[PDB]
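Remarks on the structure that follows.
So that the names make sense, note that chain A is the first sequence line, chain B the second, and so on, each numbered from 1. As a basis for the values below, the full set of heavy atoms in this structure was taken, side chains included, without hydrogen atoms, waters or symmetry mates.
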Amino acid sequence: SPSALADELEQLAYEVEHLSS
Amino acid sequence: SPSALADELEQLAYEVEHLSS
Amino acid sequence: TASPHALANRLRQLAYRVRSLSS
Amino acid sequence: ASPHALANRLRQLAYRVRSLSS
């Protein structure tokens, strides 16, 4: 599902944001 | 195209691997 | 190496493009 | 999640994206 995949990618973006350099 | 999108997602994943916890 | 924030923002823009797909 | 785990989940979803249509 395109919307379901997009939601999963956004949750992954949430996780990436909380990583360090 | 979806393949172009998937290619960019994979490139992004490569860069995420270079980050740290 | 791009920052976590720049990568996260790129990933949100790709998610918008995925959401726009049809299947 | 580790960088590794996120990157692998991204690659998993990339394959699913690859299988969609315009």
Quiz item: Taking all atoms of both residues into account, what is the closest heavy-atom pair of C/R12 and A/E10, and its distance?
Solution: NH2-O, 3.6 Å
Practice problem: Report yes if some heavy atom in the side chain of B/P2 is under 4.5 Å from a heavy atom in the side chain of D/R18; otherwise report no. | Solution: no
Exercise. Verify salt bridge (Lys or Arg N to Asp or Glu O under 4.0 Å) between B/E15 and C/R10, making sure each step is shown before the conclusion.
Key: CA-CA 11 Å; B/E15 309 184 32; C/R10 277 162 57 187; 2.8 Å; yes
Quiz prompt | Point-to-point distance, once rounded to the nearest 0.5 Å, from OG of D/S2 to CG of D/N8 | solution = 9.0 Å
Quiz prompt | Donor-acceptor contact present, side-chain D/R16 to main-chain D/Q12, <3.5 Å | solution = yes
Quiz item: If you measure from CG on A/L9 to CG on B/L12, what distance do you get to the nearest 0.5 Å?
Solution: 9.5 Å
Self-check item: Rounded distance (nearest 0.5 Å) linking atom CG of D/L20 with atom OG of B/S1
Solution: 11.0 Å
Quiz item: Could you give the distance from NE2 (A/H18) to CG (B/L19), rounded to the nearest 0.5 Å?
Solution: 14.0 Å
Quiz prompt | Shortest non-hydrogen contact from D/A1 toward D/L6 | solution = CB-CD2, 3.6 Å
Quiz item: Which heavy atom of C/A8 sits nearest a heavy atom of A/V16, and at what distance?
Solution: N-CG1, 4.0 Å
Practice problem: Start with the C-alpha distance between A/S20 and B/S20, add both sets of side-chain angles, then the distance that settles side chain to side chain contact (heavy atoms under 4.5 Å, CB included), and finish with yes or no. | Solution: CA-CA 5 Å; A/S20 294; B/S20 54; 3.9 Å; yes
Quiz item: Measuring from A/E8:CD to D/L10:CG, what's the distance to the nearest 0.5 Å?
Solution: 10.5 Å
Quiz prompt | Heavy-atom pair with the smallest gap, counting every atom of C/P4 and A/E17 | solution = CB-O, 4.2 Å
